[PDB]
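The block underneath contains the structure these notes are about, expressed in structure tokens.
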Amino acid sequence: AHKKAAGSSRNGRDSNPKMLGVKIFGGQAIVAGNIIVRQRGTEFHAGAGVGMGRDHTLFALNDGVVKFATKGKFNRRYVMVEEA
Amino acid sequence: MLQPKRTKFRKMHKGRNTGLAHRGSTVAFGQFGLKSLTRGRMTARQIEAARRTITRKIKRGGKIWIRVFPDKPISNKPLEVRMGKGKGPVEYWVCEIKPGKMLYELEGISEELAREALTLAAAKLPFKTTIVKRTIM
Amino acid sequence: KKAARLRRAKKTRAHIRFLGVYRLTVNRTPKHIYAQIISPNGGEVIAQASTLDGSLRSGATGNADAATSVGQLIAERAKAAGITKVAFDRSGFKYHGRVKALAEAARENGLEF
Amino acid sequence: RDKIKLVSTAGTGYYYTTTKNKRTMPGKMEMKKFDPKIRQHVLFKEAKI
Amino acid sequence: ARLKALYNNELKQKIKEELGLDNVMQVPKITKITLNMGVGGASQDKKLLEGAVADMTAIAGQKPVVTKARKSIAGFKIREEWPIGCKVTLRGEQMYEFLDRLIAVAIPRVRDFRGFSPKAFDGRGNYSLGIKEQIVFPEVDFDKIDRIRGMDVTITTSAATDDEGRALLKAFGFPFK
Amino acid sequence: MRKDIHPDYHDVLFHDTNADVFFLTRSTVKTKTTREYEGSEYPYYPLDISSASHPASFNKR
RNA sequence: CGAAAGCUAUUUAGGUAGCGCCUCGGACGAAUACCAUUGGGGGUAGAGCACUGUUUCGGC
RNA sequence: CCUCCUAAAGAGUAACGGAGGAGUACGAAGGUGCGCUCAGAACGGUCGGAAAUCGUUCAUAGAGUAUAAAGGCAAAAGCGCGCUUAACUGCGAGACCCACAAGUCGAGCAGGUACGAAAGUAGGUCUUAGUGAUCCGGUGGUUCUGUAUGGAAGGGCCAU
RNA sequence: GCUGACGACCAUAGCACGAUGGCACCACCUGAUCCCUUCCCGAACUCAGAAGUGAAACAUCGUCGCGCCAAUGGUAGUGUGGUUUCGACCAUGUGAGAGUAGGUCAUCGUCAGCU
């Protein structure tokens, strides 16, 4: 085993997947309660027609069509539900 | 033997060496460069041998710039060890060289004794090289 | 400082915009007090009342009594414009004194909030 | 944190269950909780779980 | 507040003419006087802090607020939110009365007094001085005293330049040099 | 000013007896004798010093 | 007609089970695929030093 | 079990691949109403310094966030104060994820409540770890059953 | 023509520098009785007011010093089909980032007030 360099640095752990991301995209029909984004923190913010869960999940508060925008002075990404 | 003073991480993924040196393909500080026409890994030992052989030939009347720094750790597995059971330990450091990169620059010396030192250095390097002038565009 | 006052008004402003109701914004200065009703979209003024109105321009403005008159007058203007249910927006001013007097006058003279 | 029982003082036998640190809260806790057996908020006192 | 009356009567105008200010509202004025009694020996005896609070109450005429540590420092053995000082802010007539007392009755009672250096301005027209022995103030009495302690007096003025600040302080008869 | 939290703070008549110059001001000091002024009588505090008073050799032998 | 050598779990690892994939029957009937135009979100290839680090030379 | 990367810009994706955390804490560190803004650097100032507390001037966060990392955070989610128990009961349209068993988010409705002048907000905590099926046995409730009948024992249902 | 409120938008809107503004409005400003404030403080908040000033702030105007925006061309990468010396190359579709020329001292809406 010459040089004995078989040094154990043991780290083989990992967590289970969380399946975050955008669930419904822009221009799709949506019904109230439908989850739009799963995320950690507010990568997307809730605009009109969408609510925000304790997990930062974004969901449709009412029926319509999903719309993505960048609005406000923080240049934040917003998800809205337009009545259409 | 160049080496980073300290690193964020001990070990690195192999990666790929692809593409041309669009950055670092210009004689920037000196008047005379040795640039690589081929790609590969430049070991810190190779950099040290080439620097020694340029310094001896220019004899403290000229200035050298080493444009390559070995910041990629290369792990190695010792002999008589099976596959697996964790990534090997770091044994040496390389710089990734693309075709076109300047490795050495010289300034403050005659063209002839700069070309001699650069040819001497090229002899110790794992690259096909060429000697380049400083243009302005 | 107006900057600090607008910093501390934005929470209520955004919550009212989420609620999507007509909002009764107040704005008082050491000289005058203003009250205007904004549409749920937030960019239309549909009723207003200030101490710059000729009825109470040449009088004791900048006063709790003037605030009471302004609230009483904007309640009538809102009633005549069809508004009955608003959300009050103290606009970072403390709910007290002149702002409170305006709100109590508007709340007692027809507007319910 | 030890598990404790918060029991209704209405005598309905209803209880909530919770945990507490018996070193930063050595006295028995008591809170006004909703009792579904009488549909009212009443005092619930800590008991042994 | 004889100093308030006198400043609004004649000091303001003469400062304006002496500084050559165009606008009457450009004249410097004193906005606040802060008394600080930072006792770093607190949180290890818990007697010095109350003594300093009593002495500050006697001096300023206001109830002082006990200032607590904003950080932990191992060298000073200080932890988060430990009471390590006292401060009182004086404004209006209270500040003007304190200034009159400090100018007329307190500063002359400083042992070996040669004047306060004029380069002790911060550069924004704010002055600061340090009183080594608090018994300079007649309010605190030498007989029933706990121990000798000092104090910081910061005069925060409306001035924007060091020259304006020093002119304002000279207007009140402050002992410079 | 919050009530009943601040100390006693009343009139006082400091008097530099050296230069014989008075100083009427508010202070918390409790004096012993109440000397009268032009208006009325306030607690009187005598002062030793105040702002009105406080400021080769070969040939000799 | 026509797979699979996958996922999940397992005293499991060359066994077994649910799901996936095969077949047969029924229901349903374009809800499917391809392409054109079009509405989205992204942080990869490339790139770059604005952050975290790392590197060289000069000035200071 | 959680976080990052490998992971090829939707999700997922292996290795005895590279790195780190968890098996808790909190009746306030939860709810609400109101209020506030950090780290640093320089200048001035008693002890007092590189750095204590005080004052000033710049300072979009170079801080903080109970704790690892990532993502987020000014309407602050960061920091205070008053009152409090929504860390509620019955549920839940609709989705996410998913072999199953599980897991996750959730407007709205009813009843009771807290805070707010109010519109309101509140079914724990910035979120993502802090976990263990069934069987068996214990405990608090309950009329459901009760081996001739009335009981009871035992069983069931709800909570633990 | 200007001021204020609330928005759209979120740097071509910002920063900096200079200039103009007090009849309205706004801001400083005066006082702290009263309501209400301060773990101290009328600083902030709050009230009652107009002796004073546009000094600060704010608003407006000007400019390119910074910032920000930004081509065209080229290059890199890349889907599909082919080839390869494994670097790449060809056909076709696509096409950055950086940099350069250049641009920018915003543009709109509702309501009220003075002229």
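In what follows, every chain begins at residue 1, and chains take the letters A, B, ... in the order their sequences are listed. What you see below is based on every heavy atom in this structure, not just the backbone, and it leaves out hydrogens, waters and symmetry mates.
- Residue E/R91 places none of its side-chain N or O atoms closer than 4.0 Å to OP1 or OP2 of I/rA32.
- Contact annotation: D/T24 reaches the phosphate of H/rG27 (side-chain N/O to OP1 or OP2, under 4.0 Å).
- An OP1 or OP2 oxygen of G/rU55 is reached within less than 4.0 angstrom by no side-chain nitrogen or oxygen of B/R67.
- For B/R39, a side-chain nitrogen or oxygen approaches OP1 or OP2 of I/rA88 to under 4.0 Å.
- In this structure, H/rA110 shows a glycosidic angle more than 90 degrees from zero, which is the anti conformation.
- Stacking between I/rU63 and I/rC64 is absent, since the six-membered rings do not have centres under 5.5 Å apart together with planes under 30°.
- At a cut-off of 3.5 angstrom, counting only N and O atoms as typed in the model, there is no donor on one side facing an acceptor on the other between the side-chain of D/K32 and the base of H/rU85.
- Neither OP1 nor OP2 of H/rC16 sits under 4.0 Å from any side-chain N or O of B/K85.
- OP1 or OP2 of H/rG35 sits under 4.0 Å from a side-chain N or O of C/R90.
- No hydrogens or angles were tested; on distance alone, nothing pairs the side chain of C/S50 with the base of I/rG113 as donor and acceptor under 3.5 Å.
- Counted within 6.0 Å of NZ on A/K71, heavy atoms from surrounding residues, nucleotides or ligands total more than 12; the atom is thus considered enclosed.
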Subject >> Secondary-structure string, 5' to 3', Watson-Crick or G-U under 3.5 Å, | for another-strand partners, for RNA chain G >> reply: .....(((((....))))).........................................

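- Across all strands shown, H/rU113 is found opposite H/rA122 as a Watson-Crick or G-U wobble partner, with both distances under 3.5 Å.
- For the P atoms, the distance from I/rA70 to I/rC90 is 32 Å, rounded to whole Å.
- The side chain of A/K71 sits closest to I/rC9 out of I/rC40, I/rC9, H/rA119.
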Original post:
When every nucleotide of nucleotides 100-112 of chain H is labelled 5' to 3' by its protein contacts under 4.0 Å (heavy atoms), B for base, S for sugar-phosphate only, - for none, what sequence of letters results?
Top reply: ----BBSS---BB

